[PDB]
Each structure stands twice: as structure tokens, then as C-alpha cells.
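J.: enclosed are the sequence and the experimentally obtained structure.
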Amino acid sequence: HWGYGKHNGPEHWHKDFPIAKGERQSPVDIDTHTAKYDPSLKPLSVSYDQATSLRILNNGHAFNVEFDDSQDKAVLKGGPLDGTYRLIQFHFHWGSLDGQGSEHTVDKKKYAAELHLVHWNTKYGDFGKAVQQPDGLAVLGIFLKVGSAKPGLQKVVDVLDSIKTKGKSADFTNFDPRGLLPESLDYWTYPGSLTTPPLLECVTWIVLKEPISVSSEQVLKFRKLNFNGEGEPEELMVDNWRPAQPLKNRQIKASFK
Ligand SMILES: CCCCc1ccc(S(N)(=O)=O)cc1
Ligand SMILES: [Zn+2]
């Protein structure tokens, strides 16, 4: 029954998921002055040209755009990563107001939202086995700020009316996630965790420095989704973000000088 409310939110999660107080939890604040350029990072490769989206689902916590990950169709390689990581889904976290919503922060700045493109390490065969490994997942995180509209987001925005409540899904084929990227692939990276229960410490985080701009109308439509199921009291799906967690014994590395 975890969620984002006062009675089931991030400050309660540790009771059922004690790893919430672990040594490599996410998100974190990215102190840009302390992060260090790492010459050992290889070029990052986002290869999404053959992506096969399938479906969009309101899971009661966010909405996921799901991909066919039965072959190496959309993959992430390079950067800090060893081997090949296959795209399985993306989703967002967002706020009730434009001044909050991101999970990672940059010098304590909160963005209006944060996109997570979730990938699993193909050496482990399936996502469920990958999440049991310290290098099982790679999540590409992209900040959203409110300004001009992001054209490649509009197809997502326009289907949300059909998945308003928890458990609803809709066909979402032929969506191109390349339309959600910014121009630059400059990034910060560090070892962390899933940001929702079960909070497993299996993620290499790659957080892009350049945000994408989305319009006020686009993010307003995110905020019309519901956490609740159909026929239940309406609880707007807003503020579905975990705050920054202690950095502990970690260093954030930058891909750029
Ligand atoms: C075991 C199922 C895990 C699903 C899940 C996938 C990704 C994230 S996030 N927000 O990108 O760290 C959270 C949860
Ligand atoms: Zn996420």
C-alpha cells in the first residue's frame, strides 16, 4: 500500500522496504561543483531507431510506456556501462506545481518533472533477474522544465485521457522515444537504486544535464491523471516523486569537462 501520501509516502517506505535507508539509494542531489569529470567514461550510445513501443499503462504510481524487449531493438550502451542494456519502459515523475516534480535535483534545484528511460543488462537474461544484480539496470534520467512544447511528447499527452485511472491501459504502438531527448548527451552518473519500492540497489543512473522543455499545457495533462481506480474517490496523480536521499559513500561523475 505504498504511495506518495502523508500516510504511505517516502518517509514510511522503510518499514516494508528497509533498504530505503541503504547505502546507495536514489534519487540524490547532484552538486555540480563536486561532481568530477571522468576521462574513463566511454562515449554514450543511445540507439532507439528500432524501438517497438506496445502499450501505455496507469499503474497507480505513474504511467509507463512499455516496449518489446524480446530482442536488442532499443538499447543503451557506452558511458559508464559495460555491455548492452535494453529499453523496457519509460515513465515520468512530476509535481503539483511547476517548481517541483523531479526526483534528482541539481544544486538543490527541482525541475517540473523527470523522465526515466529504464533499461536492463542483457547479460542477466530477463528484467526480473537483472533487478537482483548490482549492475542490472541503467536508467537514463531527463529533466523537464516548463517552456515551449515538446512535439515528441504530444502523442503521450493525448492518450492520457484514456488511461485516467489505476489499472487502465491503451495501445501505444509506433511511438519513437528519440523525440523525448535533448540535443546534448552530456550527463552525470552514479550508482543508485530504484526510486520506488522495492528500492532495489541495482541501477546505474545516467542523468542528462540538458533539460527538455515541455509546455504548461502538456504537464497540466499529466496532473489530470488519477492515482485511484475507476469508481473510487478522485486523487490527482501529482507529486509522485521521492526526495533526494543521502549520498553516503558515492561520487558523482561528469561526462563533460
Ligand atoms: C521490480 C519492478 C521495478 C519497477 C521500477 C522501475 C523503475 C523505477 S525508477 N523510478 O526508474 O527508479 C522504479 C520502479
Ligand atoms: Zn522513475
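T.: Structure's in. What do you need? Numbers count the residues shown, from 1 in each chain. Ligands and ions are numbered 1, 2, ... in the order given.
J.: who's the nearest residue to residue 90 once chain neighbours are set aside bridged to?
T.: Take residue 90 and drop its neighbours on the chain: the residue closest to it by CB to CB, 6 or more residues apart in numbering is residue 117, 4.6 Å away. In this view, the C-beta of every residue, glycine as well, is placed from N, C-alpha and C. Residue 117 forms beta bridges with residue 90, residue 140, as assigned by DSSP bridges.
J.: what about the residue lying farthest from the centre of the chain, which helix or strand?
T.: In terms of distance from the mean C-alpha position of the chain, residue 231 ranks first, at 28.6 Å (CA atoms, centre = their mean). Residue 231 is part of no helix or strand when elements are defined by DSSP states H and E.
J.: for residue 129, same thing?
T.: helix 127-130.
J.: what are the buried residues along that helix?
T.: Neighbour-count burial for helix 127-130 flags 127, 130 (criterion: 16 or more other CB atoms under 10 Å).
J.: how about stretch 47-62?
T.: 47-48, 51-62.
J.: how about it and ligand 1, touching?
T.: No - under the criterion of CB under 6 Å from any ligand atom, stretch 47-62 makes no contact with ligand 1; the nearest approach is 7.8 Å.
J.: need the distance between the two termini of that stretch.
T.: Terminal residues of stretch 47-62 lie 25 Å apart, using CA to CA, to the nearest Å.
J.: now swap in stretch 148-162 and tell me
T.: End to end - CA to CA - stretch 148-162 spans 25 Å.
J.: what distance separates that stretch from the centre of its chain?
T.: 17 Å (CA atoms, centre = their mean, to the nearest Å).
J.: ok, the residue nearest to residue 123 when sequence neighbours are not counted - contacts?
T.: Of all residues beyond its chain neighbours, the one nearest residue 123 is residue 83 (5.5 Å), with distances taken as CB to CB, 6+ apart. Applying CB atoms under 8 Å, 6 or more residues apart in numbering to residue 83 gives the contacts 77, 121-123.
J.: and the two most separated of the buried residues of stretch 47-62?
T.: Using CB to CB, the buried residues of stretch 47-62 span at most 31.5 Å, a distance reached by 47 and 60.
J.: just list whatever residues bridge to residue 30.
T.: residue 106.
J.: still on that earlier bit, I'd like the contacts of residue 83 laid out as TSV, including neighbour count and secondary structure.
T.: Shown next, in TSV, are these (neighbours: other CB atoms under 10 Å; DSSP: H, G, I helix; E, B strand; the rest coil):
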residue	neighbour count	secondary structure
77	18	strand
121	23	strand
122	16	helix
123	14	helix
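J.: out of those residues, which is nearest to residue 103?
T.: Distances from residue 103 to the contacts of residue 83, taken by CB to CB, are shortest for residue 121, at 21.6 Å.
J.: by contact count, what packs against the one helix or strand residue 86 maps to?
T.: Per DSSP H and E: residue 86 is located in strand 85-94. Judged by 3 or more CB pairs under 8 Å, 6 or more residues apart in numbering; DSSP states H and E, the packing partners of strand 85-94 are strand 63-67, strand 75-79, strand 113-121, strand 137-146, helix 216-222.
J.: turn the ones you listed into JSON lines, including distance to residue 246.
T.: Putting these into JSON lines (distance: least, CB to CB, whole Å) gives the following:
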{"stretch": "strand 63-67", "distance to residue 246": "28"}
{"stretch": "strand 75-79", "distance to residue 246": "24"}
{"stretch": "strand 113-121", "distance to residue 246": "19"}
{"stretch": "strand 137-146", "distance to residue 246": "18"}
{"stretch": "helix 216-222", "distance to residue 246": "29"}
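J.: would you mind listing what in the stretch 151-257 of the chain touches ligand 1?
T.: Neighbours of ligand 1 within the stretch 151-257 of the chain, by CB under 6 Å from any ligand atom: 194-196, 198.
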